[PDB]
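Okay, structure first, notes after.
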Ligand SMILES: Cc1cc2nc3c(=O)[nH]c(=O)nc-3n(C[C@H](O)[C@H](O)[C@H](O)COP(=O)(O)OP(=O)(O)OC[C@H]3O[C@@H](n4cnc5c(N)ncnc54)[C@H](O)[C@@H]3O)c2cc1C
Ligand SMILES: Cc1cc2nc3c(=O)[nH]c(=O)nc-3n(C[C@H](O)[C@H](O)[C@H](O)COP(=O)(O)OP(=O)(O)OC[C@H]3O[C@@H](n4cnc5c(N)ncnc54)[C@H](O)[C@@H]3O)c2cc1C
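Chains as they are written, first to last, in the authors' numbering: chain B, 7 to 442; chain A, 5 to 442.
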């Protein structure tokens, strides 16, 4: 009931959304635990921008997984446009998806464009690309590039400020946040008679609840045996600081994304920094799995640098698109952790062996744009009224992860077109921003 | 009569006056005085500009006339000196020069007048992409609609005309030339005559400055100190600056001059203030007032202003829309009008006066005088010494017969804007830029 005690582990993208939605449904006793103050330095959703896109599928070209995803993004788009908690942070500037070989371009055509009801604008030449943004922004030769522009129902979101907005509103509606170490740093789930009855934090305190929701992003994989359903995987981002005049052209830009090179989004309003992500299948940090002798398990760590090879990939993206920026010094960089499920659908379900536990994990590279509404679906799952087509897709499904190949590229491209391992990156082979 | 012990007065401490003072000093003239109403660099000198275009072209045989052959002689000498003379060399940037137009007629005029006669090997620019690739990414962003052009890669570029003039002034001073600059003390109001010859100059303070020879090199202002018999038309063009930001400016380096003969040109941002200069091209403004000595006739009279007509700003922004549209709406940081004087054939006028042999005139820059800075004082000193070389001397001679019944509104091979000579007297008081006004 709305009087039952609930604990949410993780005050990131999905945890803050969940807290807000539970408060909105009249839940009176909700406590959220995080080792860090919002926004957490290790939250994937702690980012000056993320991509938001919604596409409806053609009737004749639907499958269950993509139909479920469309249901998530349909709700998200409506909320980004109408919910005052989120509306200020959605910039509906459009979204370009592109590649630079015939194989990549065909893949996009077949998987993204043809199944979709969206009316795309086709971009055939370098001039087509450059004309999508104001003069002086795109200056590159886009060698071999073709792609498609989705003009509306897409853009970017200020994920960090949207998360803070949700946090603030959830507090206003009476949600208690314990965010800080050691008091919010959960070190174990607490079991009694085969069920989860709450969480233990690093201060020794045991927090008891009628329901416990595990929404701690990539860090969740350390708190529960997910039976290989989660792969903690990292991607890489860097910023360039734009100057006070030049930055004024760089406004209201569609997202530009080449699925095997990277993407950038327009400079932020606060620091005037332009973010580039270099696209690749991801880094893992493969260490011995303590519970599975002879096996490996990807284990997150935090770092505000990126591998030199990642910087180089970013500068190659800039060469193609904005070569006037390709030699600019980085003002900031970091690695950023999410977790992939085996099919890269979300994992939102009550645990079959521990029914008081709900897991809400597996953003799989697509969780941030869900922020406004994901907590509603998670609350639905808590209340056993998650609609069936979504439910069946995001169910607990360890049978799909038996003998998982951690080095599967899972429909990502770029760089060496394989999963990379941070254990193979030399200590001296990182960016050194702010070091000298 | 003439020797290096002889007193010389130079009227006008501008582009040509400072060059002349330097050359006289180098040649060992010991008693040289230069007069100007203003301290160097004068605010009304056409040479007082953060950049000007320098270009030299060798002509094919058959494709020159004596006038263009003379001009080539001037610019050949100038180029060699811009690349070598320690006083001038630091201020020449050999970045190249693009000449272009945006109609078939304009493009054909350039082909036949500039390209075909020239020994230069040009790079042809056919497309917008061709143009944009002449400069670093982020600089040229426009569509260049209808443009075609030719790029001249070497033997051309831009000069820091203001700093080069200051350099020449400093070195003339160091070598012992005396500069009287300021008003009234250096503001010459008349030449002084005795026995039908010129014996010096009278300044606004009533003082008479006497010398054995007098050189009149006062630019457009020369026209009010001597009866040039209509050989000079004082004519003004327009420039404005945009202030570039500290990051964006770093791409705008080592740029060839871009010039559309019916729209304008720009040159790269200056090192000190990061200001990007645009000139809108047109046949010129005159300021037509009654000729005090020719009843019923008009005479163009210069005045100074650090604004430009709003119509000129608009033409400059039109040029930017075609080429660098990301800049086309930027506020101006500075603008002014800038005066030169055209002769009837836009060759220079450098000669002893046939009725007053102690007077040498060195005038008529005709839109092409600034690039001559390093060497023009040598030619002027040659004329003073009656040894101006044969390749130029008859082209730049005193020639009032060419100016009889001169049509002041002839466009004299310029294009752009309304394609006619414009009149400041028809520009409304409220129709100027208002930079720096509350
Ligand atoms: C580089 C990069 C680019 C991306 N681009 C996009 C995109 O453009 N669009 C998009 O939709 N998605 C994007 N994603 C994916 C998106 O960021 C994630 O799917 C989403 O943010 C995950 O949300 P989350 O709440 O599960 O995890 P997070 O937002 O990471 O939140 C997890 C929280 O759990 C906390 N936590 C950790 N350990 C514990 C503990 N022991 N106890 C309590 N709390 C704990 C952390 O401090 C953190 O606050 C991207 C991800 C990355 C890395
Ligand atoms: C906007 C514009 C752009 C141009 N672009 C180019 C270019 O790209 N390349 C190029 O080669 N040329 C160019 N020119 C032409 C060039 O500037 C002139 O031909 C040259 O500067 C003329 O030099 P000058 O010494 O005759 O006159 P100025 O440099 O004007 O000097 C005349 C001097 O005489 C002084 N004076 C005036 N009245 C008196 C008086 N009563 N007594 C004493 N002194 C007096 C003034 O104070 C001034 O210092 C341009 C001109 C303008 C207006």
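Ideal Cβ placement from N, Cα and C applies to all residues, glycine included.
Asked                                                                                                                                                                        : Found
Residue 351 of chain A and residue 399 of chain A - do their beta-carbons sit closer together than 8 Å?                                                                      : yes
Using a Cβ-Cβ distance under 8 Å, would residue 139 of chain A count as near chain B?                                                                                        : no
When DSSP labels each residue in this structure, what does residue 108 of chain A get in the three-state scheme?                                                             : helix
Closer than 8 Å, CB to CB, is residue 32 of chain B near chain A or not?                                                                                                     : no
Provide the residue(s) that pair with residue 182 of chain B in DSSP beta bridges, ordered along the chain.                                                                  : B:37
Determine the closest residue to residue 440 of chain A out of A:318, A:152 and A:311, with distance taken between C-alpha atoms.                                            : A:311
Is the beta carbon of residue 48 of chain A within less than 7 Å of some heavy atom of ligand 2?                                                                             : yes
Look up residue 247 of chain B in the DSSP assignment and give the residues it is bridged to.                                                                                : B:279
Please list the segments of the beta strand (DSSP E) lying wholly inside the region 190-265 of chain B, counting only runs of 3 or more residues, in order along the chain.  : 192-198, 201-207, 212-214, 217-220, 237-247 and 261-264
Determine the burial state of residue 435 of chain B: buried for a count of at least 16 other Cβ atoms within 10 Å of its Cβ, exposed for fewer.                             : exposed
To the nearest angstrom, report how far apart residue 413 of chain B and residue 150 of chain A are at their CA atoms.                                                       : 54 Å
Of all the residues that make up the region 222-252 of chain A, which are near chain B by a beta-carbon distance shorter than 9 Å?                                           : 247, 248, 249, 250, 251 and 252
Which residue or residues does DSSP assign as beta-bridge partners of residue 122 of chain A?                                                                                : A:63
Curious, which full-length beta strand (DSSP E) runs of at least 3 residues does the region 130-191 of chain A contain?                                                      : 152-156, 160-163 and 182-185
May I ask which residues mark the beginning and end of the alpha helix (DSSP H) holding residue 78 of chain A?                                                               : 70-86
Looking at chain A, is there any beta carbon in it that lies within less than 8 Å of the beta carbon of residue 329 of chain B?                                              : yes
Here's the rule: buried if 16 or more other CB atoms are within 10 angstroms of the residue's CB, otherwise exposed. What is residue 227 of chain B?                         : buried
Once DSSP output is grouped into helix, strand and coil, what is the label at residue 375 of chain B?                                                                        : helix
Could you name the residues that DSSP lists as bridge partners for residue 302 of chain A?                                                                                   : A:294
May I ask you to list the residues that DSSP assigns as paired with residue 392 of chain A?                                                                                  : Answer is none; residue 392 of chain A lacks a bridge partner.
Report all residues from its chain with a CB closer than 7 Å to the CB of residue 294 of chain A; omit the five preceding and five following residues, and keep chain order. : 302
Straight-line CA distance for residue 18 of chain B to residue 232 of chain B?                                                                                               : 19 Å
Do you know how far the Cα of residue 283 of chain B is from the Cα of residue 337 of chain B?                                                                               : 14 Å
Within its chain, find whatever has a CB closer than 8 Å to the CB of residue 70 of chain B; leave out the 5 residues flanking it on each side and keep chain order.         : 395, 398 and 399
Got a sec: is the Cβ-Cβ distance from residue 150 of chain A to anything in chain B below 8 Å?                                                                               : no
Is residue 192 of chain B near ligand 1, in the sense that its beta carbon is under 7 Å from a heavy atom of that ligand?                                                    : yes
Please list the terminal residues of the continuous beta strand (DSSP E) segment that includes residue 340 of chain A.                                                       : 336-346
Only counting runs of 4 or more residues, tell me where the alpha helix (DSSP H) segments fall wholly within the region 393-428 of chain B, in order along the chain.        : 394-397
Taking DSSP's pairing of strands, which residues face residue 288 of chain B in a bridge?                                                                                    : In DSSP, residue 288 of chain B forms no bridge with anything.
Less than 8 Å between the beta carbons of residue 61 of chain A and residue 264 of chain A, yes or no?                                                                       : no
Residue 343 of chain B: beta carbon under 7 Å from a heavy atom of ligand 1?                                                                                                 : yes
So what's residue 366 of chain A in DSSP terms, helix, strand or just coil?                                                                                                  : strand
Given a cut-off of 8 Å, decide if residue 224 of chain A and residue 419 of chain A are closer than it, judged by their beta-carbon atoms.                                   : no
Would you please verify whether the beta carbon of residue 142 of chain A is less than 8 Å from any beta carbon of chain B?                                                  : yes
Can residue 179 of chain A and residue 91 of chain A be called in contact, C-beta distance under 8 Å?                                                                        : no
Taking three-plus beta-carbon pairs below 8 Å as touching, is the region 370-377 of chain A in contact with the region 78-98 of chain A?                                     : yes
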